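A short worksheet on the structure shown next.
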Amino acid sequence: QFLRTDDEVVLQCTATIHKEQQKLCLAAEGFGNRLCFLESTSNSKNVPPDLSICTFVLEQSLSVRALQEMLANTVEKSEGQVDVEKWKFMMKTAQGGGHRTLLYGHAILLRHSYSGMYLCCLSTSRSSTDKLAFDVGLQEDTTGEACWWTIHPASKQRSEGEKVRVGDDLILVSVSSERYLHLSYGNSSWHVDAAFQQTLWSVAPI
């Protein structure tokens, strides 16, 4: 069982505090500040109350090198058109791409299924003046690295380049801010932000 692109998934994280443990799924909405948050699951009494907001699609999965190269070529260059026909070349590139397995170390593109937007590492902290963690929300455009998250192995069992299994605890890192998709304990609830601290994420096809 491997994670494939275009696969509909939900990102979860185990949150423990006050001798109490629970699971939360990365949720979001296309309205408002489109800021991401977390939903409590199976609390009464199975899975997140609103799974829709915790629904994501593994749109893309490129190597950091390839991704940065692609973005670099889109800065100032007349060449670099994948669709020259453009239609035919587009059909070939689409059918040639994938439909591809996720590899550890690869930068992925998560599209919030509901809002149709993409998980993004916003440059706004809105948590402190120390610029500790940034905000993680939704973005319409994918141009850049903010909407890209490199997946990393939780334990020493998984290695870079290895196939990502369904159920593998992934560590997401914002390509733009090099910050992890961290789990934060605000006021009295759980939130999600891009911090310099890891957080194991359970990406399951759902």
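Just remember, in the structure tokens the first chain shown is A, the second B, etc., residues are 1-based per chain, and ligands are 1-based in the order shown.
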TODO: Skip residue 149 (chain A) itself and residues of its chain fewer than 5 positions away, then list as a ChimeraX atom specification all residues within 6 Å of it, counting only C-alpha atoms.
DONE: /A:107-108,172-175
How would the residues just chosen look if you wrote them out with N, CA, C and O atoms as a short mmCIF file (atom, residue, chain, number, x, y, z; two decimals), in the first residue's frame?
data_model
loop_
_atom_site.label_atom_id
_atom_site.label_comp_id
_atom_site.auth_asym_id
_atom_site.auth_seq_id
_atom_site.Cartn_x
_atom_site.Cartn_y
_atom_site.Cartn_z
N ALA A 107 8.69 16.75 -2.61
CA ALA A 107 7.78 17.83 -2.29
C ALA A 107 6.42 17.54 -2.91
O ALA A 107 6.32 17.29 -4.11
N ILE A 108 5.37 17.58 -2.10
CA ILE A 108 4.04 17.28 -2.59
C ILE A 108 3.13 18.50 -2.60
O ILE A 108 3.37 19.48 -1.89
N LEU A 172 5.93 16.79 7.37
CA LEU A 172 5.86 17.76 6.30
C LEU A 172 6.68 19.00 6.59
O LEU A 172 6.65 19.53 7.70
N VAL A 173 7.41 19.46 5.58
CA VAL A 173 8.23 20.64 5.70
C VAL A 173 7.95 21.62 4.57
O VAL A 173 8.06 21.27 3.40
N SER A 174 7.58 22.83 4.93
CA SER A 174 7.30 23.86 3.94
C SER A 174 8.56 24.14 3.15
O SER A 174 9.61 24.44 3.72
N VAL A 175 8.47 24.05 1.83
CA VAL A 175 9.62 24.30 0.99
C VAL A 175 10.01 25.77 1.01
O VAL A 175 11.19 26.11 0.90
#
Task: chain A: residues DSSP assigns to strand (DSSP E), reported as a ChimeraX atom specification - done: /A:8-17,20-27,37-40,56-63,106-112,118-122,134-139,148-153,169-174,180-185,190-195,201-205
- [ ] List every residue of region 29-145 of chain A that DSSP, applied to the backbone of this structure, places in helix (DSSP H, G or I), and write the result as a list in words.
- [x]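 Those residues are residues 52, 53, 54, 64, 65, 66, 67, 68, 69, 70, 71, 72, 73, 87, 88, 89, 90, 91, 92, 93, 94, 95 and 96 of chain A.
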Task: Point-to-point distance in Å for CA of residue 97 (chain A) and CA of residue 201 (chain A) - done: 26.0 Å
- [ ] Rank nothing, just name the residue among A:197, A:95, A:73, A:189 nearest to residue 39 (chain A), using only C-alpha atoms.
- [x]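 So, comparing all the options, the nearest one is A:189.
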Task: From A:1, A:50, A:6, A:130, residue lying nearest residue 25 (chain A) [only C-alpha atoms] - done: A:50
- [ ] For residue 184 (chain A), please output as a list in words all residues within 12 Å (counting only C-alpha atoms; exclusion window: fewer than 6 positions along the same chain).
- [x]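 Listed by chain and then number, they are residues 13, 14, 15, 16, 17, 24, 36, 37, 38, 127, 132, 133, 134, 135, 136, 190, 191, 192, 193, 194, 195, 196, 197, 198 and 199 of chain A.
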- [ ] Record the distance separating CA of residue 67 (chain A) and CA of residue 143 (chain A), expressed in Å with one decimal.
- [x] 10.7 Å
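With only C-alpha atoms as the atoms that count, the residue of A:72, A:100, A:115, A:126 with the shortest distance to residue 145 (chain A) is A:72.
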- [ ] Have a look at A:103, A:26, A:110, A:154 and name the one nearest to residue 139 (chain A); count only C-alpha atoms.
- [x]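 Ranked by minimum distance to residue 139 (chain A), first place goes to A:110.
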Open item on the list: Could you check the closest approach to residue 111 (chain A) for each of A:2, A:185, A:56, A:180 and tell me which residue wins, using only C-alpha atoms?
Closed with: A:56
- [ ] Mind giving me the straight-line distance from CA of residue 65 (chain A) to CA of residue 91 (chain A) in Å, one decimal?
- [x] 24.6 Å
